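I have placed the structure first, in the form of structure tokens, so that the comments after it can refer back to it.
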Amino acid sequence: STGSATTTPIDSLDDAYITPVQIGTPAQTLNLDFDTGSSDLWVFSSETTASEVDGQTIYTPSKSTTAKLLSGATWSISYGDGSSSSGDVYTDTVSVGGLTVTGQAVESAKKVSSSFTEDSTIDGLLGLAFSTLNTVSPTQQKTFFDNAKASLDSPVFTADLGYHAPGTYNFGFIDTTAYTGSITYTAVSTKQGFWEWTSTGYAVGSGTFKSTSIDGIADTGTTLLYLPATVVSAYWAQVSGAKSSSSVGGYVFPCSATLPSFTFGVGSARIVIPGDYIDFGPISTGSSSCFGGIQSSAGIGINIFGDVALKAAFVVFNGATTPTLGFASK
């Protein structure tokens, strides 16, 4: 089997991407944030605290003929940005882009933190990291991908995120028309439950490539590119007037600037992030200070190749017995 679904930016800044997901019978379509940095499929639901729902589409398991309470199971998750959610668990039929899994754990939110409530466009998350991170207790549950894997033509999914435009998540096949040149594959460590890999270095604008190992995670659920402070300082030093602002919470730059590109290494290959991808616009409406899309990972504890980096590439998440990551230009 295979599946193919379009993923769409939630706003003009590509803060996140939503992908329609069919849950239950008859289908209830929710727009989920596919997140390769976590491993829970959770949804706004008929059980969600009413005051914590503000425009989201909800899953109502009582209206699904295939829903079954997973008795005794609870979940609770906290994300790197400080947001969180928790609740109980049903199993139900879940389909993404024509690919159907029966018996998928669908985690129903009883509580969500304010950042979720305030984002009316995201109806939940679909985790695509390794199932060892799944938070369901006392019986850990598998991700949608893990459940689908054995039925897929090839044990892979791909992320092809657009810049200010829709893109695609494919399951079970590599669309050889969706990228240019070759795909370069690189080793993954699953020791922390993430798609963790080592970049071979970086360049700023037209500058020389610095060969240096940068361990980080491929994370579709994180907006920005978080790298070591040395790397990030070298980037922003090439933008006149750019500075790190403790008050704002990172590097800002004059909105009048033209941003240089940023290149990262994948083995001997190079992925170029255009400067425009690094612009996240005014810090507040009408401000001439703009927020940078490359930020320091210091105090996160991990480097994160988020959407800013991934949307510059066609990315293969290879879930074969020995997992790997592939990157191509597009």
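Each chain in the structure tokens gets a letter, A, B, ..., in the order shown, and its residues are numbered from 1; ligands are numbered from 1 in order too.
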
Test item, strand (DSSP E) assignment across segment 13-69 of chain A, answer as a PyMOL selection string: chain A and resi 17-23+28-35+41-43+68-69

Closest contacts (segment 20-52 of chain A/segment 296-306 of chain A, max 12 Å, only C-alpha atoms) as JSON lines:
```
{"residue": "A:35", "atom": "CA", "partner": "A:306", "partner_atom": "CA", "distance": 10.1}
{"residue": "A:36", "atom": "CA", "partner": "A:306", "partner_atom": "CA", "distance": 9.6}
{"residue": "A:37", "atom": "CA", "partner": "A:304", "partner_atom": "CA", "distance": 9.3}
```

Restricting the calculation to only C-alpha atoms, which member of A:250, A:316, A:327, A:180 is positioned closest to residue 158 of chain A?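 Closest residue, counting only C-alpha atoms: A:316.
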
Identify, on the basis of only C-alpha atoms, every residue whose closest approach to segment 161-177 of chain A does not exceed 9 Å; exclude the query and any residue fewer than 4 positions from it along the same chain; express the result as JSON, numbers by chain. {"A": [1, 2, 3, 4, 5, 6, 7, 8, 9, 11, 12, 13, 14, 17, 19, 34, 96, 97, 99, 145, 148, 149, 151, 152, 153, 154, 155, 156, 157, 220, 277, 307, 308, 310, 311, 312, 313, 314, 315, 316]}

Residue with smallest distance to residue 238 of chain A - pool A:271, A:259, A:67, A:187, counting only C-alpha atoms: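 Nearest candidate to residue 238 of chain A out of A:271, A:259, A:67, A:187: A:259.
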
As a VMD selection string, please: all residues of segment 8-171 of chain A that backbone DSSP puts in alpha helix (DSSP H). chain A and resid 114 to 117 144 to 148

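Here atom CA of residue 245 of chain A stands at a distance of 27.3 Å from atom CA of residue 213 of chain A.
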
Of A:240, A:141, A:222, A:190, the one sitting nearest residue 324 of chain A when using only C-alpha atoms is A:190

Between A:40, A:195, A:75, A:52, which has the minimum distance to residue 133 of chain A (counting only C-alpha atoms)?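 Counting only C-alpha atoms, the residue closest to residue 133 of chain A is A:40.
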
Which polymer residues have any atom within 9 Å of an atom of residue 25 of chain A, counting only C-alpha atoms, with same-chain residues fewer than 4 positions away left out, as a PyMOL selection string? chain A and resi 63-67+92-93

Return the single residue from A:88, A:118, A:279, A:123 that is closest to residue 106 of chain A, with distances computed using only C-alpha atoms.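 That would be A:88, the residue with the smallest distance to residue 106 of chain A.
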
In terms of the shortest atom-to-atom distance over only C-alpha atoms, which of A:160, A:33, A:47, A:146 is closest to residue 105 of chain A?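 Selected residue with least distance to residue 105 of chain A: A:146.
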
Pairwise distance for atom CA of residue 270 of chain A and atom CA of residue 255 of chain A, rounded to one decimal in Å: 27.7 Å

Work out how far apart atom CA of residue 56 of chain A and atom CA of residue 119 of chain A are and give it in Å to one decimal. 8.0 Å

Write out as a list in words each polymer residue whose atoms come within 8 Å of residue 31 of chain A, counting only C-alpha atoms; drop sequence neighbours fewer than 6 positions from it.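 My reading of the contact set: residues 18, 19, 20, 21, 57, 121, 122, 123 and 124 of chain A.
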
Neighbours of segment 78-84 of chain A within 10 Å (only C-alpha atoms; same-chain residues fewer than 6 positions away dropped), as a list in words?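 The neighbour list is residues 37, 38, 111, 112, 113, 114, 115, 116, 135, 221, 222 and 300 of chain A.
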